[PDB]
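Structural overview
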Amino acid sequence: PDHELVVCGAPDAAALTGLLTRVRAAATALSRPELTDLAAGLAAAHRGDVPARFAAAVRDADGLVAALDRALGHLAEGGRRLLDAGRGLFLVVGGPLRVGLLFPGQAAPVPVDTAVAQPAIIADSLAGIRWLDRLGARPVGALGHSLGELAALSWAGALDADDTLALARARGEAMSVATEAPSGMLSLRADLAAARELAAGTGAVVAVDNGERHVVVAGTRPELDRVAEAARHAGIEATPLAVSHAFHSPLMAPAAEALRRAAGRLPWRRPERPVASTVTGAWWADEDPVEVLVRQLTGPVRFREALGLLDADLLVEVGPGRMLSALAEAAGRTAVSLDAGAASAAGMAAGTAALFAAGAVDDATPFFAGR
């Protein structure tokens, strides 16, 4: 892999300083294969009940030396918690921390035909769920952004993987049908009230409530033009999205009959793990999944509210890309993506590091098996 995962732990902070100092000494000027042996040996030895934990995703021995210097400096100053998702470095003494999952929707790495994109994305997320299963991960709950809600529900045990992937095909097929007229989406760097003001009387509606400075509206081309005028006049930055459909708007209502049919046939079960819905903006509490999934097509994505509900020190995005991690960071949250299905192991290393350091997984050895 292009990034190595290096974990270790100790019974307390003092012991962890001792160990990290030995590892830093052993790390200097190691070649790439010797770094791998070092990392594999540490993963084998530091698993189970590991009270104080260090994990880093590194490109090479000098990247490990750098991460160890940072961890040592944090400990040396009485620090007990350093989570730097952007540098793949996690240190936690006195965990476990609460960890939540984020399942991405489309616009995620596979404009692409939504009929192809949807089940490709869901397949990557379900493979990410297999990875979390392999590690025995214990997240406190999950949120899925649009299509991602299907993956969150599958993780929560409301639907098996085969049925979930079958539903994502049918969904992508239903939704790729052309709207009655040219339509699209427009992203505004502004909060919900500002978007509703700019959209008021235009025909355009809120499609995606991502955060205090990202709200997307959707409508026909004339409708979006009127918002674009209004945004320029108000000095709000408005960015056209390269999509061919006004997703999350009433223009998607014809897709309902088809999606209702596909979803009504499935063996739905009560979710057994917490799911913060971006359809209701609330915890899932015995909803009828068919009605929720149909209204998801025309209603807005309540990502800002759902994320707000998920109380977690660390979020791990379980799916292709790192879009939801970028949104969570935009809300001041700590988030790292597994980037499930990416060519590069960057995300698999950083997200598994984060899981191990947070105490959500006890054993990193599965990162070193069968290369």
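Residues numbered from 1 in each chain as written, not as in the entry; some residues may be left out. Heavy atoms only, no water.

X-ray crystallography is the method the PDB entry states for this structure, with the resolution given as 1.90 Å.

The next point concerns helix α3 (residues 61-76). Residues spaced three or four apart along an α-helix point in a common direction, a consequence of the helix completing one turn every 3.6 residues. The terminal C-alpha atoms of α3, which comprises 16 residues, lie 22 Å apart, in line with the 22 Å expected from a rise of 1.5 Å per residue. Residues of α3 that are buried in the fold lie against β1 (4-10), α1 (13-27), α2 (32-45), β2 (52-58), β3 (81-84) and β4 (89-93). Immediately beyond the C-terminal end of α3, within one or two residues, lies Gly78, with a positive phi of roughly 80 degrees. (Helix = DSSP H or I, 4+ residues; strand = E, 2+ residues; numbered from the N terminus. Expected span 1.5 Å × (residues − 1). Contact = heavy atoms within 4.5 Å.)

Moving on, we get to the sheet that holds strand β6 (residues 141-144). The five strands are arranged β11-β6-β5-β12-β13 in an open sheet whose pairing can be described as parallel. Pairing within the sheet leaves two strands with one partner each, and these edge strands are β11 (275-277) and β13 (335-337). When the angles between neighbouring strand axes are averaged without regard to direction, this sheet yields 25 degrees. In this structure, strand β5 (residues 99-103) lies alongside strand β12 (residues 314-317), joined through four bridges in parallel fashion. Bridge pairing in β12 links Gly100 to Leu315. Sheet contacts for helix α5 (residues 148-155): β5, β6 and β11; angle to β6, the most-contacted strand, approximately 155 degrees. (Pairing = 2+ DSSP bridges. Axes fitted to C-alpha atoms, helices over the stretch in contact; angles between N-to-C directions.)

Our focus in this paragraph is the pairing of β4. Within β4, five of the five residues are buried, which leaves it mostly tucked inside the rest of the structure. Of the two faces of β4, the one lined by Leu89, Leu91 and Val93 and the one lined by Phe90 and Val92 are each fully buried. With five bridges joining them, β2 and β4 adopt antiparallel strand pairing. Across the sheet, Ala52 pairs through a bridge with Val93, a residue of β4. With four bridges connecting them, β3 and β4 associate as antiparallel partners. Bridged to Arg81 within β4 is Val92. Here β3 hands over to β4 after four residues, with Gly88 in that stretch at a positive phi of 55 degrees. (Buried < 20%, exposed > 50% of the residue type's maximum accessible area, 1.4 Å probe, protein only.)

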